[PDB]
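We've got the same protein chain twice here, in two forms, each standing alone as structure tokens: structure 1 and structure 2.
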Structure 1
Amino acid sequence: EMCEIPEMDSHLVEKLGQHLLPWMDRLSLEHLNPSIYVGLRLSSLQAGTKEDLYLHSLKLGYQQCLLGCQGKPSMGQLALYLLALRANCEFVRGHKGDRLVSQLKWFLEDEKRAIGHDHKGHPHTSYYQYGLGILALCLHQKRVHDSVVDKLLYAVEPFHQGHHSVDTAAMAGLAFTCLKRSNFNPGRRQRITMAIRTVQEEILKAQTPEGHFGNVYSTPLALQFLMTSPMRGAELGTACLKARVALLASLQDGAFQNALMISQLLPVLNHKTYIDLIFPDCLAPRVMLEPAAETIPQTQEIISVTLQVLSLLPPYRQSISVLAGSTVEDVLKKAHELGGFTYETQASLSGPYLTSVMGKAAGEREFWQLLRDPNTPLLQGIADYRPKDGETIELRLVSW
């Protein structure tokens, strides 16, 4: 059976795109987002001339910062920039292009070395970024050595060490699919074929009773991967229809606010995936997005949220009053204003990432986890999760 997601309501799709639209005018390097560009080009929606300026800004920023900048882009982000080039039917080229390719190849080589011949060491970033890097190079018909592919193969193959999310497995599966379709790494062809099936099975076995694969925000990338190949013996069609039901409910309940998440979902709703960047169709008609004329406004209600940090001595626990509809980040700002609380964030393609709390920065294989009561990890970051009145938000330094 095949993984098919029947077209959703055009109105519903349009309002998703309108969430992306304001970002088209935010061209500062801290806000530039190659995933947004890619998601839009693969969608049924377009931003017209704004897109061309956006790509131009991407090319200026990424090439000047990495070859010649305030907090220049990461290698993982460089990989997504490569996807953005494919989305405009370009191959990375010229002397500047060649150098960018080799920088991404160095990233993979360093992660391979960090992982080790034994496969105990972690990558310095994630296996998600490792897969993303292989995919990005493959989409531009750039080859990586079998030894590089081997680390991704071992990570998903039987008796592998560690546990990977649905997102990570899906990204790996996409990388494997590009290698297979391109007939790259022929000395790993059978293992690559087997790994794709392995990822299929693990993703299907991660489907919740609601219908999501892992969770609501893993479902988009999971669907992208599942759409790329048949799955004989399995009921892929049924699983994907159940996911659509789950996806539809989540959409109608306002689950998708984050621009990166929308950019990963929009291709699915247009029956496209990142694998369509092998043979891109850049001139396919797309509906022009117009700004949602919209009176947003304004709450009159005050809510109180308890903010707590038990990972530090002495511990922090305070009730914070904010306007209803405020984010966790607003709570953090208010806590800082009241005195006795500090924190730090850094920019990412998903928005502000919490890196430090009350002077304590997360170290290697550590992060500040966001939770609500009771002991329940948030599915959104500080700038997207909007706590309800009486909620308790915890920041917890954890190791993974």
Structure 2
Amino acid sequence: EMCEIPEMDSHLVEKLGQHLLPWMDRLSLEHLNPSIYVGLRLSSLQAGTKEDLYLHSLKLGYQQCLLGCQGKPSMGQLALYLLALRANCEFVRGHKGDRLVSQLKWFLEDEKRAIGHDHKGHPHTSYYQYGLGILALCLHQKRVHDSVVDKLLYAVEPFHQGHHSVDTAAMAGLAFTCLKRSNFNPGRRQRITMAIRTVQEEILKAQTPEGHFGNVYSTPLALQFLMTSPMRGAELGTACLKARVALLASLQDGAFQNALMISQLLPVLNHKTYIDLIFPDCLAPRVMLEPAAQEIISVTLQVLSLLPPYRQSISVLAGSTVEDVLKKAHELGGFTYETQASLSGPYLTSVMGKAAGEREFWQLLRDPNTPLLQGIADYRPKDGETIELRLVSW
């Protein structure tokens, strides 16, 4: 059977795109987002001339900062910039282009070395970014060594334990699919074929009784991967229809606010995936997006990990973000937090002067010990909620 997720109401799709639209005018390097560009080009929606300026800003920022600036794009972000080039039917080229390719290849080589031949060692970033990097290079027809593919081939088998991420498995699966379709790494062809099936099975086993693969926010990338190949023996069609039901309910309940999440979902709603960047169709018609023309809440903020420990009740207007609660806590006094830019949005580097170290992140949780599925800007707490910030080791 095939994974077919049928078209959602054009109105519903349009309002998703309108969430992306304001970002088209935010061209500062801290806000530039190659995933937004890609998601829009693969969608049934367009922003017209704004897109061209956006791509121009991407090429200015990424090439100047990496090869020559407020900040620098990470290597993972460079990979998504490569996807953005494919979305405009471009191959990375010229002397600058060649250098960018080798920088991404160095990223993969360093992660390979960090992982080790024992395979005990962890990557400095994630297996998600490792897969994303292989995919990005493959989309531009740039080859990577079998030894590099093998790390990912291992990371995908159920009991491996490098990660337990439906997103990472889907991205891998996407990387493996590009290798297979391009006939790259022929000395790993059978293992690559088997790994794709492995990822299929593990994703179909992460399905929630509601219908989602892992989490509402894992479902988009999971669907992208599942759409790329048949799955004989399995009931892929049924699983995917159940996922649309779950997806539809989530959409109608305002689950998708975050621009990156929308950018990963929009291709699915247009029957496209990142694998369509092998043979892009840049001139396919797309609908022009036009701009879419009081209660008081108390949220408890608790940071047990820090000594002295922090528990406080913060009063904010309803619909306020966790970041909004954090900002009020700084004004009232006794709270300091630090944030770093991400394509997803603000990321919490520090709470109360403690900044997470290697393999440490500040988890956002709502009692009792339930990890939040959304970021500090995206999540809006219900009244009487306790929001906790815990330093945890990944």
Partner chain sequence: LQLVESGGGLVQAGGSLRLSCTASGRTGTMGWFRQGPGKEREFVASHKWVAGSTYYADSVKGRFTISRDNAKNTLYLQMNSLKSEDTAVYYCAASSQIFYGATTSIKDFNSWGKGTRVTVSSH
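Residue numbering: sequential along structure 1, first residue numbered 1. Only residues modelled in both forms are compared. The term rigid core refers to the most C-alpha atoms you can superpose between the two forms while keeping them within 1.5 Å.
*Asks:* Choose between structure 1 and structure 2: indicate the form deposited with its partner chain bound.
*Replies:* Answer is structure 2, the other one does not fit.
*Asks:* Kindly specify the one residue in 325, 116, 237, 162 whose Cα moves by 2 Å or more between the two structures, with superposition done on the rigid core.
*Replies:* The listed residue whose C-alpha shifts by at least 2 Å is 162.
*Asks:* Hey, core superposed, how many Å does residue 272 shift at the CA between the two structures?
*Replies:* Its C-alpha position differs by 0.0 Å.
*Asks:* Fitting the two forms on their core, which runs of three or more residues have every Cα moved by 2 Å or more between the two structures?
*Replies:* After core superposition, the one displaced run is 157-164.
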